[PDB]
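Comments concern the structure below.
Laboratory data are not the source of any read-out in this text; all were calculated from the coordinates shown. When we count neighbours, we look across all protein chains shown, and the Cβ atoms used for this are built from the backbone with ideal geometry, even at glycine.
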Amino acid sequence: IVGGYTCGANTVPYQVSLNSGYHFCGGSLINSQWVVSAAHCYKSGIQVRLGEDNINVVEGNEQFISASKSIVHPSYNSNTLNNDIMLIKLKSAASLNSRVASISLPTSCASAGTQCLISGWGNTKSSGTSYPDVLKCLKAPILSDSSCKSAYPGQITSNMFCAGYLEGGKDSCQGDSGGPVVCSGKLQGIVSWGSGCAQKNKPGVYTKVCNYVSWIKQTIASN
Ligand SMILES: N=C(N)c1ccc(CNC(=O)[C@@H]2CCCN2C(=O)CNC2CCCC2)cc1
Ligand SMILES: [Ca+2]
């Protein structure tokens, strides 16, 4: 997160860290046994880290649980990043508490101008690299369909939206991938892609979760 702020410990209790001996992606807890993340975050050997603030110190409240299943959308395309969504089943259920909590799926899609909360342990620099120890936060609005397509012509599918700031300076970045965009208490986005980070006229692009609620339920119910 570039241009954001320190969230404060466990203020984003649905935020998880995907760990393979290092933080590599975020995700969102949607019930005691399932996480939503990005298909481009897929790999073998994922450990889901719940309850985290400082990812480099065991502070208390952490739950580390291996993934038992990682289910990438069968229509994911790694070139266009269409259908950039993955479900992870935990090997054991998480113990839910004030520090480890699920986030609701949407009942409907959000509209342009909706303010959302984006969070993660990704890069904090728009030029070069700096990676934080504690969780960072950014409030960002959803942009219009047309502004999104005018920024990234021929690259925005019906399964994507843009959010952020065209003037630059405030954005998600590498290492925030797979993490949440939460609007009015609902998970509406997944951190997916963009050109650079926090660059003028290049907002962030997010997977449109409302298009996947039925797929998520249907897939969890059969797994
Ligand atoms: N500016 C952001 N909001 C942002 C940008 C990138 C990420 C992480 N995702 C990525 O790095 C993904 C994975 C595959 C390549 N990719 C892309 O973002 C590549 N950038 C595209 C290429 C042409 C137009 C812009 C996360 C956030
Ligand atoms: Ca920790």
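Could you order the peptides 8-16, 69-77 from most to least packed, using the average number of other C-beta atoms within 10 Å per residue?
With the highest mean Cβ count within 10 Å placed first, the list reads 8-16, 69-77.
Taking amide H atoms as placed 1.01 Å from N in the peptide plane, list the residues 5 or more away in sequence, or in a different chain, whose amide H sits under 5 Å from that of residue 34.
90
Given the stretch 72-133, what whole percent of its Cα pairs are spread farther than 16 Å?
The answer is 75 percent, as a whole percent.
Could you run the Karplus curve 6.51 cos²θ - 1.76 cosθ + 1.60 with θ = phi - 60° over the stretch 148-162 and give me ³J(HN,Hα) per residue in whole Hz, x for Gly and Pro?
Whole-Hz 3J(HN,Hα) from phi for the stretch 148-162: 4, 5, 6, 6, 10, x, x, 10, 9, 8, 5, 9, 9, 9, 9.
Can you work out the FRET efficiency for the pair residue 64 and residue 139, with r the C-beta to C-beta distance and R0 = 25 Å, to the nearest 0.05? Working shown, then result.
Details: r = 29 Å, r/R0 = 1.17.
That pair, residue 64 with residue 139, gives E of 0.30.
Which links in 43/208; 91/149; 136/186; 136/202; 69/186 stretch past 28 Å when you go from one Cα to the other?
Too far apart for the 28 Å limit: 91/149.
Counting just the Cα atoms, what span does the stretch 78-175 cover along each of its three principal axes? Round to the nearest Å and put the largest first.
Principal-axis extents of the stretch 78-175 (Cα, largest first): 44, 35, 28 Å.
Any idea how far apart residue 32 and residue 195 come out in nm if each label point goes 7 Å out from Cα toward Cβ?
4.8
Once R0 is set to 22 Å, what does the formula 1/(1 + (r/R0)^6) return for the Cβ-Cβ distance between residue 104 and residue 223, expressed as a FRET efficiency to the nearest 0.05?
FRET efficiency, residue 104 to residue 223: 0.60.
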